[PDB]
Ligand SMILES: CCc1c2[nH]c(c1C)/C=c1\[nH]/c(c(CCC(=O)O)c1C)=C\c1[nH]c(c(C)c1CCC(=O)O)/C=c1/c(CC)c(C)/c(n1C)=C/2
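Single chain ahead, by itself, as structure tokens, in the form solved without this ligand.
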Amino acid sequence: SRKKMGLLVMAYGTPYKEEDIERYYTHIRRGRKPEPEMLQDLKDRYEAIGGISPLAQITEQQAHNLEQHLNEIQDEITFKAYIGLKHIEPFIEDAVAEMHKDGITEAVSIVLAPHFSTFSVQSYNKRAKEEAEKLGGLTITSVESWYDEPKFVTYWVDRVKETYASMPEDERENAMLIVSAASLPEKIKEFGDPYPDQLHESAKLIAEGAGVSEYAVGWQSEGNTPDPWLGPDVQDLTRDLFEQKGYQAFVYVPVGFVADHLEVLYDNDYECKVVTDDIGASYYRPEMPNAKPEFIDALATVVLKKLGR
């Protein structure tokens, strides 16, 4: 008695083996293949964050678990998961073409990024729907944002609440909370992209959630181009906040990400770790949601809401 529905889970993507780095970054660099120095430098980073294999598995587990859960909490519909990656196969157009091949006519999409943006979120849905239209007989509902989902905000609030309830008295009373997210060219300003503000909102909600009045909103993992990108970067803000206030500790919350990917493992656990260690401050970084049930639940709910269920 259950209706059938595809579940299109979209993510940025991560290579599956040290051997896919090249092509993966060529796609990010938009056709320009990295140089033997940079590329070789990248391999080092992965080899440093423990490896590449674990990253891609985290996203595959998120879709399975979300599908499986969505089918336990409700019985009106039966979901079938389809991962749609942006920079590494299976690409969004491949997952879509597949569902159609499996006889699915209804679908709901949910990208693994809480905020909305004309560059990433809306782009992912765009390409999906067009693949769908080009084939027909297959429709797709798409979730734009979900950073404001109680269960999601709460997942971070409790993490951050524990992080502050571990620091010694002097830190806990002289700390700074930093909410980050992937940076994007400032050019998205011309289209009213609510991305900047959603980041400020998740910030305010989480800081407001843990009873922390001291906090900031930074960006990170910005690409390289001539035109300006969203600022200030967490590294510049973490050193700027210090030189003026002298915080004894900084707790980072990469709310823009949901798994342990180079963006959090390196750009945070290292590069920001490099700066706190430089200014003599303590470094905190609550664990990412990943495939933890509290998170899975959070998403399930988001999907159910989009369907009026």
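Counting begins at 1, following the sequence as shown.
Just so it is clear, the following notes concern the form deposited with this ligand bound, a form of the same protein that is not shown.
- Of the heavy atoms in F191, none are within 4.5 Å of this ligand in the deposited bound form.
- For the chain shown alone, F295 is not a contact residue for this ligand in the deposited bound form, no non-hydrogen atom being within 4.5 angstroms.
- At least one heavy atom of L184 is located within 4.5 Å of this ligand in the deposited bound form.
- With a 4.5 Å cutoff on heavy atoms, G223 counts as touching this ligand in the deposited bound form.
- Contact with this ligand in the deposited bound form, defined as any heavy atom within 4.5 Å, is confined among 225-233, 125-133, 203-211, 169-177 to 225-233.
- Exactly one listed residue, out of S145, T141, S120, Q74, brings a non-hydrogen atom to within 4.5 Å of this ligand in the deposited bound form: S120.
- The contact with this ligand in the deposited bound form, taken as any heavy atom within 4.5 Å, belongs to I28 out of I28, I279, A48, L39.
- Shown here without its partner, the chain carries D158, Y164 and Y284, none of which come within 4.5 Å of this ligand in the deposited bound form through any heavy atom.
- Annotation for 77-101: no interface residues with this ligand in the deposited bound form [heavy atom within 4.5 Å].
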